[PDB]
Amino acid sequence: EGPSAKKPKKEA
Amino acid sequence: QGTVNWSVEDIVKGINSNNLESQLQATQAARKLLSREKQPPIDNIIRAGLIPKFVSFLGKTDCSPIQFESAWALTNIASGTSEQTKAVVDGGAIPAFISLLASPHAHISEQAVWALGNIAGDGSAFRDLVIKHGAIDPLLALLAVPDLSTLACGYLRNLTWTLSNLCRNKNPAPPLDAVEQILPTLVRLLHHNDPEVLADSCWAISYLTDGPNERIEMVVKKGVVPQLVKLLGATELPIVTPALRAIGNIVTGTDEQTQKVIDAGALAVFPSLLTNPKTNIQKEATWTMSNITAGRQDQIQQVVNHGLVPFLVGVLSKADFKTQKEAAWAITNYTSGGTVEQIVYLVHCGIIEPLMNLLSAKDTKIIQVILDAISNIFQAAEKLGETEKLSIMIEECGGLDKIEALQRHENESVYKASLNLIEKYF
């Protein structure tokens, strides 16, 4: 239930 | 700098060309769209039928640039909805990314780790599919070094995050053989100095402990409870949160498993947890306490010895309702299994007044949970003959006046205990 299970790599 | 703001049609035009470079340029453009912070045109990229072509570029070993551009691209596509993540898996990306984990270029293999993370993070189905493709051995091999500190910071963080996703979700829970395969490395990540690594590591553990006692056991037998109690007193809230969740899950199991967190010295931290500024920390803390007061009597004594009873009174008196409801549960379990001498001490700490003021709450369950405790207290009062002395204490704090109303409550189970209390004692 913690952190988002999906990360989008959209740096600046 | 010349690949900014391409049209989706332009991207397809370059990729459909027979020129490797032209494809690379279009692929880099596709990425820059997905990495554009404001709503990327994911759906359009998928409906264009590019995903399969991106996946095939992952195999172009001779050209490592396009491998990175495409890995990055697909990663962002997999970070979207389950429908969009499904498109990436449908394109046969899983086995392709697992192959990139052996790439000489760390920045490329990191993308494979990142991508596979998004895929497994979707749900249990994809989690198991990533595992069936044999993604665990490669991943764990990337952490097979004498010292983790020598590894790149961000590289180690993403690896940990991916591993925590392979331990995530419950229906169904990760394969036992897979959990055993990861634990040893997870315990190692649980001692690293980086906070983000410790955070995700604690979350990974909190996922595994969440379930039957057999699941909790294989984690406890690794001897991590002591380390969790150590992390339980960390300064970073992001680290304390999952640590408290883990410990909170371990105490739901057998009283033997619950005893392990006590021996570790967890109760010495609760004076801070039960008064922690953040509301959810108190709720999780009190919830953990309720699973300890529901154990043996010598375990309830440990709570008494650490002077945590006054804290339960304070939390029962003034806190977020959600936390106050957990407090009621803690008391109820405390009065049902505790000795007479223990229940007496509880009352002399001033539990009645705050316990009566919660009968005014508009929650049907907490009322049952409270009235249940009241019955248990009287159940002990009769063994001392001071049922009269108790009735008075309840009467002097406007308690009886409130039980009088619950005697005529809608819920059936409520007025049962109420009328039974009014009749038997009042």
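Residues carry numbers counted from 1 along their chain as the sequence is written. These may differ from the entry numbering, and residues without coordinates are not shown. Think of it this way: whatever chain is written first is A, whatever ligand is written first is 1, and the rest follow in order. To get the side-chain values, take all heavy atoms of the structure and skip hydrogens and water.

- The record lists X-ray crystallography as the method behind this PDB entry and 2.8290 Å as its resolution.

Description of the side chain of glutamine 368 of chain B
Reasoning step 1: Helix and strand labels come from DSSP, where a helix needs a run of H or I of at least four residues and a strand needs a run of E of at least two; each type is numbered from the N terminus. Following the sequence through the fold, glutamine 368 of chain B ends up in helix α25 (residues 364-381).
Reasoning step 2: Leave out the neighbours within four places in its chain, and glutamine 368 of chain B touches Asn411, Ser413 and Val414 of chain B. Contacts: residue pairs with any heavy atoms within 4.5 Å of one another.

Considerations on the nonpolar core
All names here are of chain B.
Reasoning step 1: Think of a nonpolar core as a cluster: buried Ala, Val, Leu, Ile, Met, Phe, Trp, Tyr and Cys residues, connected wherever their side-chain atoms sit within 4.5 Å. Burial status follows relative accessibility: with a 1.4 Å probe on protein chains alone, a residue under 20% of its type maximum counts as buried, one over 50% as exposed, and anything between as partly exposed. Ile11, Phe54, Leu74, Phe97, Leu228, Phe270 and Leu273 are the most contacted members of the largest nonpolar core, which totals 146 residues.
Reasoning step 2: Sort the elements by how many residues they give to this core and α25 lands first, with 11 residues.
Reasoning step 3: Apart from residues no more than four positions distant in its own chain, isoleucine 11 is found in contact with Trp6, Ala26, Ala29, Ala30, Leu33, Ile45 and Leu50.

Here we look at empty space enclosed by the protein
Residues and elements named next belong to chain B.
Reasoning step 1: Lining residues are those with an atom within 4 Å of a point, where the points come from a 1 Å grid over the protein atoms alone and group into cavities, where a 1.4 Å probe fits but cannot get out, or pockets, open sets with protein on both sides within 12 Å along at least five of seven lines. Grid points are joined across faces, edges and corners, and a volume is the space filled by probe spheres set on the points. Here the structure, examined in full by the defined rule, presents one cavity of 30 Å³ or more.
Reasoning step 2: In this structure, the largest cavity is lined by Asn169, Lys170, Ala173, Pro174, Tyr207, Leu208, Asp210 and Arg215.
Reasoning step 3: Tallied by class, the residues present in the lining of the largest cavity amount to four nonpolar, one polar and three charged. Under the convention adopted here, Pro, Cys and the residues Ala, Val, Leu, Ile, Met, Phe, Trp and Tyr are nonpolar, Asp, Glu, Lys and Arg are charged, and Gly plus all remaining residues are polar.

Some thoughts on the interface of chain B and chain A
Reasoning step 1: On the side of chain A, 12 residues touch chain B, which itself brings 29 residues to the contact.
Reasoning step 2: Simply put, the buried area is the total loss of 1.4 Å probe accessible area from both parts when two parts are fitted together. In total, about 1600 Å² of surface goes out of reach between chain B and chain A, with carbon and sulfur atoms giving 48% of it.
Reasoning step 3: Ranking the residues of chain B by area buried against chain A places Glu37, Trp114 and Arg168 of chain B at the top, with a combined share of 31%.
Reasoning step 4: By definition, a salt bridge exists where a carboxyl oxygen of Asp or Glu is found within 4 Å of a side-chain nitrogen of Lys or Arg. Inspection of the region where chain B meets chain A yields two salt bridges.

Things to note about the packing of aromatic side chains
Residues and elements named next belong to chain B.
Reasoning step 1: Side-chain rings of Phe, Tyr and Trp (the six-membered ring for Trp) are treated as a pair once their centres are within 6.5 Å; stacked means planes under 30 degrees apart, edge-to-face means over 60, and tilted covers the remaining angles. With the rule as written, the count across this model stands at four aromatic pairs over all chains.
Reasoning step 2: Plain terms: the ring middles of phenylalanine 378 and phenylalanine 426 are 6.0 Å apart, the flat faces sit at 80° to each other, and that makes the pair edge-to-face. On the criterion of sequence distance, the pair formed by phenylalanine 378 in helix α25 and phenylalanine 426 in the segment after α28 (412-424) is long-range, its members being 48 residues apart.
Reasoning step 3: Judged by its relative accessible area of 0%, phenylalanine 378 falls in the buried class.

Concerning the environment of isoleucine 131 of chain B
Residues and elements named next belong to chain B.
Reasoning step 1: By the secondary structure assignment, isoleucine 131 is in helix α9 (residues 124-132).
Reasoning step 2: Residue class for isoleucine 131 comes out buried when judged on its relative accessible area of 15%.
Reasoning step 3: The sequence separation of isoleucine 131 and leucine 20 amounts to 111 residues, and the corresponding C-alpha distance is 33 Å.
Reasoning step 4: Ignoring anything within four residues of it in the chain, the contact list for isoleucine 131 reads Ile136, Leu166, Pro175 and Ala178.

Digging into helix α26 (residues 387-395) of chain B
Residue and element names in this part refer to chain B.
Reasoning step 1: When we look at burial in α26, the residues that qualify are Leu390, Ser391 and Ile394. Projected onto a plane normal to the axis of α26, the buried residues spread over an arc of 100° and lie on a single side. Opposite the buried face of α26, by more than 90 degrees, sit the exposed residues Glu388 and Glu395.
Reasoning step 2: On its buried face, α26 is in contact with α24 (352-356), α25 and α27 (400-406). The arc in question is the one traced by the directions running from the helix axis out to the C-beta atoms.

Concerning the layout of surface pockets
Residue and element names in this part refer to chain B.
Reasoning step 1: The computed volume of the largest pocket comes to approximately 260 Å³.
Reasoning step 2: Lining the largest pocket we find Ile343, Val344, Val347, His348, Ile377, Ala380, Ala381, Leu384, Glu386, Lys389, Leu390 and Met393.
Reasoning step 3: Of all the secondary-structure elements, those providing two or more residues to the lining of the largest pocket are α23 (340-348), α25 and α26.
Reasoning step 4: Sort the elements by how many residues they give to the lining of the largest pocket and α23 lands first, with four residues.
Reasoning step 5: In terms of residue class, the lining of the largest pocket is built from nine nonpolar, one polar and two charged.
Reasoning step 6: Empty space within the second largest pocket amounts to approximately 170 Å³.

Some details on the packing of helix α8 (residues 106-122) of chain B against helix α11 (residues 153-165) of chain B
Residues and elements named next belong to chain B.
Reasoning step 1: Every axis corresponds to a line fitted to the C-alpha atoms, with the helix fit spanning only the stretch in contact, and the corresponding angles, defined between N-to-C directions, vary from 0 to 180 degrees. At a minimum axis distance of 8 Å, the contact between α8 and α11 shows a crossing angle of 25°. Between α8 and α11, the angle falls in the class roughly parallel. Crossing hand, α8 versus α11: left-handed. In this structure, α8 contributes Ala106, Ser109, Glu110, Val113, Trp114, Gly117, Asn118, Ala120 and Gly121 to the contact, and α11 contributes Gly154, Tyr155, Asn158, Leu159, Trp161, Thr162 and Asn165. Roughly parallel refers to an angle under 35 degrees, roughly antiparallel to one over 145, roughly perpendicular to one between 65 and 115, and oblique to any angle outside these ranges. Should the near helix be turned anticlockwise from the far one by less than a right angle, the crossing is termed left-handed; should it be turned clockwise, right-handed.

Some details on the environment of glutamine 111 of chain B
Reasoning step 1: Relative to the helices and strands, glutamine 111 of chain B resides in helix α8.
Reasoning step 2: On the basis of relative accessible area, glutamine 111 of chain B is assigned to the buried category, the value being 1%.
Reasoning step 3: As for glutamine 111 of chain B and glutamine 257 of chain B, which are separated by 146 residues in sequence, their C-alpha atoms are 39 Å apart.
Reasoning step 4: The residues touching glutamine 111 of chain B, leaving out its near neighbours within four places in the chain, are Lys9 of chain A together with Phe68, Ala71, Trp72 and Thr75 of chain B.

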